[PDB]
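In the form deposited in one PDB entry, a lone chain appears below as structure tokens.
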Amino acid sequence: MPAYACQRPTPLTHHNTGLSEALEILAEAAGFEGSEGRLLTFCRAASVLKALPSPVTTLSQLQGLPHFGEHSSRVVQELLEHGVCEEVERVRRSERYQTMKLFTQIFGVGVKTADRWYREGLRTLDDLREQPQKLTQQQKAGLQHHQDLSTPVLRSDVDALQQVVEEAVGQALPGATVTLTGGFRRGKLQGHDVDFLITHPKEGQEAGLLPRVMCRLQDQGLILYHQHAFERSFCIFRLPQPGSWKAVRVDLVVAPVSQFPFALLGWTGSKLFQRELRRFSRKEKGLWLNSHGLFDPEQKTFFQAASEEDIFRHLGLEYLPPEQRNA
């Protein structure tokens, strides 16, 4: 088992679901306390279990696995012996965990904001609604739409959404394309949002595209919220439902076609897969990776990739299709 998530296939469904879920609770709790290192270790340990070919049944099967030390191994031991880990259950029922989870789940609210509200004594969404002077426009939209945004987006919703985005994109710039990325490209059947990557085959033609797209979607009455020169939009969309509609989060990102492989790789995720890939690139290969390119800081050159396959090859990694990037 290699130490980086980008070195191993991770399928969407696997054989250690309960164990990985418990470790991810501790990871999330570590994040709520600002402990990014512990969050990373617990996330990595969870991801290792996702990559295993069969269920862990005995503690000895953790021997030699990366990112399993005394703490993660004890969590697993207790789950194997008793079906429950007391530390995990204590986190789950704690007021701190439940409130930080509730608040950071709001669109427009991060750990720092949630923590400040928590220290001020706030605990419920209605607590926030009662004091709306403390809210940004983004947070107001996130709170108003919170119920709908808490409902999973279905893969069966995505196609109709992509069609309306394609229509607006085609008027904004004929020949521009829309590619589904994020979790649905990794095979997820549900998601928290839909992520789309937009480009044009003629380098440079995509400049100034996203304002034109957003203006057209807004004119069609489809935009319940957006932040408005820009290249990423985090918006709330009106999606039809039988006899009504629901609010859905949609992300739109424009890249020049020269950068499209990097943007596709970046936006397809998973989040942990991309952090691990960038860490691998820099620490093992001495190359700096982001959603724009892959930089050699010794030659001061950028790698001109034509595909995701190109990028994996340049990093000395076996290619992983999106469905195996579910770290």
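For the two forms, the rigid core is made up of the largest set of C-alpha atoms that agree within 1.5 Å on superposition. All residue numbers are counted from 1 along the displayed sequence. Only residues modelled in both forms are compared.
According to the entry, the deposited sequence has 10 or more residues without coordinates between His228 and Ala229. When the C-alpha B-factors of 283-291 and 263-271 are averaged, 283-291 comes out higher.
The mean Cα B-factor in the deposited entry runs higher for 90-98 than for the other of 142-150 and 90-98.
Across the residues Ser47, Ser60, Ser54, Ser258, the deposited record lists the maximum Cα B factor for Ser60. For the set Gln190, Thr181, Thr177, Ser244, the PDB entry assigns the largest Cα B-factor to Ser244. In this PDB entry, the Cα temperature factor of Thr199 sits in the bottom third of its chain's modelled residues, the lowest group. Ranked by C-alpha B-factor against the other modelled residues of its chain, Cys85 falls in the highest third. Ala3 sits in the highest third of its chain by CA B factor, as recorded in the PDB entry. Compared with the other modelled residues of the chain, the Cα B-factor recorded for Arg129 ranks in the highest third.
Among all modelled residues in this chain, the alpha-carbon of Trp117 has a temperature factor (C-alpha) in the highest third.
What follows is about the form deposited in another entry, which we do not show.
Taking residues common to both forms and aligning the rigid core, Cα displacements of 2 Å or more over three or more consecutive positions between the shown form and the other one occur only in 57-64.
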